[PDB]
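Have a look at the structure below, then the notes.
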Amino acid sequence: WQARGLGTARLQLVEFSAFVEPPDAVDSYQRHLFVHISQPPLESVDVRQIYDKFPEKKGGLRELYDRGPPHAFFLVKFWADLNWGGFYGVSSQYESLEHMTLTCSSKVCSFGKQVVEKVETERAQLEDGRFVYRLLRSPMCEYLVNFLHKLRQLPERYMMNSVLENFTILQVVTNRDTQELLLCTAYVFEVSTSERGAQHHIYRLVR
Ligand SMILES: *C(#N)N1[C]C2=C([C]1)C([N]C1=[C][C]=[C][C]=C1C(F)(F)F)=[C][C]=[C]2
Numbered sequence: 218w219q220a221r222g223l224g225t226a227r228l229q230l231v232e233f234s235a236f237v238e239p240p241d242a243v244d245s246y247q248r249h250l251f252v253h254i255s256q264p265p266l267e268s269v270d271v272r273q274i275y276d277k278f279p280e281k282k283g284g285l286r287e288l289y290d291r292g293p294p295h296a297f298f299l300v301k302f303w304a305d306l307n308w324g325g326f327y328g329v330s331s332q333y334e335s336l337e338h339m340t341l342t343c344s345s346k347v348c349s350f351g352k353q354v355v356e357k358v359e360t361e362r363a364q365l366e367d368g369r370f371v372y373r374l375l376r377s378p379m380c381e382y383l384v385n386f387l388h389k390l391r392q393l394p395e396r397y398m399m400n401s402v403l404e405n406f407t408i409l410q411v412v413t414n415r416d417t418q419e420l421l422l423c424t425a426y427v428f429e430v431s432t433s434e435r436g437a438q439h440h441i442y443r444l445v446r
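Under the authors' numbering, read the sequence shown as residues 218 to 256, 264 to 308, 324 to 446, first letter to last.
What follows is the structure in C-alpha cells.
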C-alpha cells in the first residue's frame, strides 16, 4: 500500500529523461542523458523539510499537499550528468488503467520561486487495455538549455552543487476534466562526477 516506485495505482511514470542529441546524430546517432528514470517500499522524506525549495502561494508544495492526495507526492534527487547547437529534449511517459486526459505542468524554481512553467496536455492511447500517455521529445525550454551551458562551465562541481541547491523543479500531473491531482513530483539536483553518469533516488513525501 506504500509505493514501490514513482506512481500511484492510478497513474505511474513509465519513463522520464532529459537529454541532448548532438547535430552529428543525423549520421551516427548518439544521445546524452542528463537525468533518466526508467521503470521494496521507497524511503520517505518529510515534506515540510522541502517547503523551502518551492513557492508557497499557490501551486506550491504546502497547498498541494494540504489538497492531496498525500500518496501522489514524491521527491526525486537527481545526480545530473553534465559532460558532453544540438537538440535538447525531454521525454516523459505515464501509464494508467483509467482513460483520462492529463495536464502536466512543470514549475522550474530558483531559491524557491517560480521562474519557468510548461503546461502540456496528453490524452491516452489504448494499448494492451493499459492506457499510455506519451509526451516524447518535447523541446527543452531555453531557460534550462541555457542554464545547463552556464552551469557546465563552472570550474568546480561544489560551485555547481552550490547553484543547484537553490534550483528545483515541481512537476504536477492532474486529470484535465476533473481537476484532481494524480501525481506530484519535486526534483532536487546535484551534479554527478564525470565518471558517474546520471542517477536518481526516489522518495515518498510524507507528512
Ligand atoms: C522546459 N520546457 N522544460 C520543461 C521541463 C523541463 C525543462 C525539465 N527539465 C529537467 C529535468 C531534470 C533534469 C534537468 C532538466 C533540465 F531540462 F535540464 F532542466 C523537466 C520537466 C519539464
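Built from N, CA and C at the ideal position, the CB exists for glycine as well.
| Item | Value |
| --- | --- |
| Euclidean distance between Cα positions of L387 and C343 | 22 Å |
| Short Cβ contact (8 Å threshold) for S330 with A363 | no |
| Backbone secondary structure at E419 - three-state DSSP | coil |
| Backbone secondary structure at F297 - three-state DSSP | strand |
| Segment contact, 8 Å Cβ cut-off, at least three pairs: the region 271 to 283 with the region 227 to 242 | no |
| Near ligand 1: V243 beta-carbon under 7 Å from a heavy atom | no |
| Exposure label - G224; buried when at least 16 CB within 10 Å | buried |
| Contact set for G222: own chain, Cβ-Cβ below 6 Å, skip 5 residues either direction | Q256 |
| Burial state of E361 (16 or more Cβ within 10 Å) | buried |
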